[PDB]
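Working notes, beginning with the structure itself.
Number of protein chains: 2
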Amino acid sequence: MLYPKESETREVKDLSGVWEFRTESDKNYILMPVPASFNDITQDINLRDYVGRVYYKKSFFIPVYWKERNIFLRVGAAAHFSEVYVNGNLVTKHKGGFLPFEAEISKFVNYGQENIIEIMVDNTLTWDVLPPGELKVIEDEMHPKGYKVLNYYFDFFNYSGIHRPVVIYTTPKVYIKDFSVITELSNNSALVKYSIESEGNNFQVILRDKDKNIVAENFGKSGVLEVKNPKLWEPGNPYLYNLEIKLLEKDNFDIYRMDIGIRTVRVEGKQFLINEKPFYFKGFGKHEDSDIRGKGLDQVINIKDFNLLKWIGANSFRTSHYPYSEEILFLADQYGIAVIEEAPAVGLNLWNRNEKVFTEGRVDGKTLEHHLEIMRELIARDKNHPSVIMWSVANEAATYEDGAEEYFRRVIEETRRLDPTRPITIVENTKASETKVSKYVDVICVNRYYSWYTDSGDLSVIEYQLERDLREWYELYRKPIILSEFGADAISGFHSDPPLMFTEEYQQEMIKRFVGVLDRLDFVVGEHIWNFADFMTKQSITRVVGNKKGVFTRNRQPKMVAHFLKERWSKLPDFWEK
Amino acid sequence: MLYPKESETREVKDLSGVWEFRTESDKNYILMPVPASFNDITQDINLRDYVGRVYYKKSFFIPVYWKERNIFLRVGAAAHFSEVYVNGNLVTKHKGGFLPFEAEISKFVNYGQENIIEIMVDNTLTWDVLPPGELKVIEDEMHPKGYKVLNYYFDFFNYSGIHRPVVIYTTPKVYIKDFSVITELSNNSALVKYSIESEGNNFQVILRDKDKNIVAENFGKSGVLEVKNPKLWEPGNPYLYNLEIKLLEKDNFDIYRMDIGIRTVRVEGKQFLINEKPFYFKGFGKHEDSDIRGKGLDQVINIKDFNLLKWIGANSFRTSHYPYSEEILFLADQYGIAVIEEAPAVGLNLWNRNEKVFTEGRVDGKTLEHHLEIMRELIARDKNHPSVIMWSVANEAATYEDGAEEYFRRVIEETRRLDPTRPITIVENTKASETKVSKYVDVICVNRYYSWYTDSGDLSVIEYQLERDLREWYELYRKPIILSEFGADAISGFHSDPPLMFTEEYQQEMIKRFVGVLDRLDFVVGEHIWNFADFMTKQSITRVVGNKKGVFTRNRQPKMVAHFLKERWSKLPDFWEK
Ligand SMILES: [Cl-]
Ligand SMILES: [Cl-]
């Protein structure tokens, strides 16, 4: 499914705005913005911590002239289970809170009249949705009848609601359903190879440069476009060409356009190559999180975040720990930021080797089935973005378990089959010698928190422990390694010398000592600090109103270590043969 | 001009989203969200502090089926001077940064094809725009050639950009252009009297209650709708009826709907009556201000703000110091919050009696002309909102000057002529015996900061000074009095005992002592604390990154005094015969 875009042949109507909202088995509505998480909008603590079904409702008018058009209703994201009703008719259901879903609804609309859309969203986690969790009953001596808790083991808050825009769009009855683009370098040219999915068959395809000059054209539902003297897309030079696809049939006419970038990505030895040059990742793990709206899409915050990425000198980030909005990937295309996009397989770990995760009752064949469908949906959505340069299949799963090996072999095999054009990783906090899964990926991503979660407060252990660990990863697997997470919680304004945990000084010193180690290791091709910004988590005595490891505050202002990273990364080239 | 609303006969296309953006005489664009202020979006300090013209650009497609429709392009707000181009054609110009403007553009569009909209916005202040300011050249021994400053004397930052949504909407060629509604109480019924502006003449008008029951109907371009057993709108009971207007002609058909509220407002003696009951204002001066987006409209923030208003027990606010977005007034209608809406005549004061403001060179006949046009635009926009219950013509002008008397007599006279159905005020910080203007309004609004700006730190003077002052206002003018501003800057987390300026304790103690005085004065009908939330100002040694007098932080979380006000206001009735 293609991102909804207006053209000569397609209308788009955005239903974002103020909706009516209620919780299960309640008749009274309140007002609720869309897109947004509902948790922080009100002062009702029982809604903040609500677990169950909520219902959104809105009126909309369909123009009579949309008859004899396809009418699609698209929901960008709703966490985690959703059902969509048009005038009381169920038009689609969806499982998974971080990818879009849509249905054709012309059969159910009142033309030239009022219509009602209702969207049910259920935030109840189970062990066969990603990320997983479990609702548990607690009726003991200290809890009243009916006390229940939603348990989950990922470290970000279970925000719920409609997190990305709801839109209605039209197409002709015979229309461009999808297309695939692959770019190759050939002699002094680039090739853009394409295939179009449609019931139609007569297509003209045109490629235009930045100045609207036509640089290539082809008649054909599949084909190759040759670009002589191409300008390649890469961090530091985000050149985009505009691909125009025109269906020209007897009764149907359809146009779809997308900006694409010409680049190659390849792993060879201990090098991560973009356009055949050795890349060095400088960046962050991020989160879709901001004040008040929770996980809701906000283009103000998105553009602010990319300007901060360019300001600090980052060239990349990982979409920890789930696919982000398409909007963020289009921006990464424009700004020239390399993206590792990650499936929502986070929380597959009970920090305890006595509780097994990959076992009947928890992560099983049903979870695997969902994970495989997720990879198919994710690659289908994002396969044409130049900014996505790697897929991450999971974050900190219990990869030391025997059952994790067969599980992830299947996930990894399916991902590569779906997209052979990008490398694959998995983000590990398991010990190097214990993971049964990292031997199957292209690039190793390791999260390490020496002197924070272990030997807390003792910065002196970092060089000893980190160098020994990373050398063992390389000795066992002989793959490029990204230090995919490291950092320390810092309360803005907490200062100390000597540095103490939770101060800005400790965060900067820890990060500084980690990267001094990486500079001595020629097989380390990247550093991603956790996290870009402070974000909300569930409440616990270990979380000082959320996770405070941001390099920026939640309102997008820098802590001390942001300036250290700006100075370091201004000296580090994007392409660096270590 | 009516708020753009979809119906059976009208389409609305929202152009908000990501636009291209550049500054004057520069050819390279960056990305910029709309709606938003541009100042805090980037890390370019020279754009943050930019003074001059900026240019927004976006492509849009017009459906061929919009031929033979009116096509209107509406800009919700752009601060402060703006020009709108459709495919290079100037379709309208506008002066004033806080009210909407529109043009019919069907003559300039390419049907079924790409179109380009460009919007120029100029943030350069002058003495004949509201709020006023002046660009000054400073080429002396300590400033290089070309150093210039924009001087202005209002205490909020001169954020600029497109602050409210840009939309395109259709109507039939003969259409409902405007309508006026007035509500009266008669015996046991309410009357909704209406007049419609249109080139058409055959109208059916229907009024529906909350459950869609038809409670009144009338055929006629003007008329009266009788509601037996009306449910009145008021704070604490925001009942809205839906007014449906249907134009039924030979070749044209048009429907427009609006929720309205049935209430009366009247000043009599020292009482402010809503629905013939004595009201007591409990609330705030607000600002259109939030993190990152500046003055840009954000419905997440708006709904959050109204939930906080209901949580703390407020029943009212003033739109300090300019008209707010229509969106906020529709929400105030839904939530039952009484609004004093204020014209942007703030900054008409050089805190210095040697520099006259109402004089040739500063506030003169050109400024007055703009002010009068502003009142006409403001009442035309908001005349049908039940939540607006009073107009404020200015905030803290230099009303002690001889020239201020003739200026404001004309403003006040024109406001009353335009809308005889709502009382009029002006918000004063002049001394009671010195203002030449308050004798002409219906309700006195006085801002007082004893122990903050005067006798700084000495809370012991409050009762002595405030009671004497307010008794003199009543003795001179014999009108109801609202304490329209009072408060203290408080940094969140700054605490002290004994209380010190800038601590949360000092803010709470000051506010507590002020309202203890008000409770002893039967002619005081309201308390508005300055401010609802921390907001940005220009930089100065008196502003600790903006104005810190918020009862809530800028991210909408409560300070200590928020809990004091919640407890007080939970005990104070909305209707209180003092
Ligand atoms: Cl962490
Ligand atoms: Cl102030």
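Just so you know, the sequences run in chain order A and B. FYI, the numbering for the first sequence is 1 to 578, going by full-length UniProt numbering. FYI, the numbering for the second sequence is 1 to 578, going by full-length UniProt numbering. Even for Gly, the Cβ is constructed at its ideal location relative to N, Cα and C.
In terms of DSSP beta bridges, what is residue i paired with?
| i | result |
| --- | --- |
| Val339/A | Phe317/A and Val388/A |
| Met120/B | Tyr55/B and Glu83/B |
| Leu191/A | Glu184/A and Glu226/A |
| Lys107/B | DSSP output for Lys107/B lists no bridge partner at all. |
| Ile196/B | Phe179/B |
| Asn89/B | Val86/B |
| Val75/B | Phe101/B and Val166/B |
| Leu247/B | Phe203/B and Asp254/B |
| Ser290/A | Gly294/A |
| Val12/A | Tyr169/A |
| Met32/A | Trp19/A |
| residue 601/A | Chain A is shown only over 1 to 578; residue 601/A falls outside these bounds and no answer can be derived. |
| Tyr450/A | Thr454/A |
| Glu217/B | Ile206/B |
| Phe272/A | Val267/A |
| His563/B | Per DSSP, none; premise fails for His563/B. |
| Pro558/B | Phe552/B |
| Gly487/A | Answer is none; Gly487/A lacks a bridge partner. |
Are the beta-carbon atoms belonging to residue i and residue j less than 7 Å from one another?
| i | j | result |
| --- | --- | --- |
| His385/A | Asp333/A | yes |
| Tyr111/B | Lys67/B | yes |
| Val121/A | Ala190/A | no |
| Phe108/B | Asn123/B | no |
| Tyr159/A | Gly294/A | yes |
| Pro498/B | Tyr506/B | no |
| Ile337/B | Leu309/B | yes |
| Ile444/B | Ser392/B | no |
| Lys366/A | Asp534/A | no |
| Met510/B | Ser460/B | no |
| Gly133/B | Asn115/B | no |
| residue 623/B | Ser16/B | Missing from the structure shown is residue 623/B; chain B here goes from 1 to 578 and no further. |
| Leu31/B | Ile274/A | no |
| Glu428/B | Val411/B | no |
| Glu577/B | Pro278/B | yes |
| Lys566/B | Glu504/B | no |
| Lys538/B | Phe157/B | yes |
| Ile462/A | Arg520/A | no |
Assuming residue i contacts residue j (C-beta within less than 8 Å), just tell me the rounded distance between them.
| i | j | result |
| --- | --- | --- |
| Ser570/A | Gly313/A | 5 Å |
| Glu396/B | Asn349/B | 6 Å |
| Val525/A | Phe330/A | The pair is not a contact, with the Cβ atoms about 26 Å apart (cut-off 8 Å). |
| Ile255/A | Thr9/A | 5 Å |
| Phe101/B | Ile168/B | Incorrect: roughly 14 Å between the Cβ atoms, too far for contact. |
| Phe486/B | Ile426/B | Going by Cβ atoms, the distance from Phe486/B to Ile426/B rounds to 17 Å, so no, they are not a contact pair. |
| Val54/B | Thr23/B | 5 Å |
| residue 658/A | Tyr241/A | Shown here, chain A extends from 1 to 578; a query on residue 658/A therefore has no answer. |
| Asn202/A | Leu135/A | Not confirmed; about 53 Å, so no contact. |
| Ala345/A | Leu378/A | The pair is not a contact, with the Cβ atoms about 11 Å apart (cut-off 8 Å). |
| residue 604/A | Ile196/A | Examination of residue 604/A is not possible in this model, given that chain A is present from 1 through 578 alone. |
Does at least one heavy atom of ligand 4 sit under 6 Å from the Cβ of residue i?
| i | result |
| --- | --- |
| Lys549/B | Ligand 4 is not part of this structure, which contains only ligand 1 and ligand 2. |
Checklist entry - Listed from N- to C-terminal order along the chain, which residues in the stretch 402-415 of chain B have their beta-carbon within a distance smaller than 8 Å of any beta-carbon of chain A? => result none
Next on the checklist: Beta carbons nearer than 9 Å to chain A: which residues of the stretch 293-311 of chain B have them?
Outcome noted: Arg293, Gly296, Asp298, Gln299, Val300, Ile301, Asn302, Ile303, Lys304, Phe306, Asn307, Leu308, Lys310 and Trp311
Checklist entry - Using a Cβ cut-off of 7 Å, which residues of the stretch 12-31 of chain B contact any Cβ in chain A, in chain order? => result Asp14, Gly17, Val18 and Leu31
Checklist entry - Closer than 7 Å, Cβ to any Cβ of chain A: which residues of the stretch 93-119 of chain B, in chain order? => result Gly112 and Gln113
Checklist entry - Any residues in the stretch 550-561 of chain A with a beta carbon nearer than 7 Å to a beta carbon of chain B? Which ones, in chain order? => result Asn555 and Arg556
Next on the checklist: Can you pull out the residues from the stretch 521-555 of chain B whose beta carbon lies closer than 7 Å to at least one beta carbon of chain A?
Outcome noted: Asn555
Checklist entry - Which residues, in order along the stretch 48-69 of chain B, keep a beta-carbon less than 8 Å from a beta-carbon of chain A? => result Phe60, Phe61, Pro63 and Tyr65
Checklist entry - At a Cβ cut of 9 Å, what residues of the stretch 197-226 of chain B count as close to chain A, listed as they run along the chain? => result none
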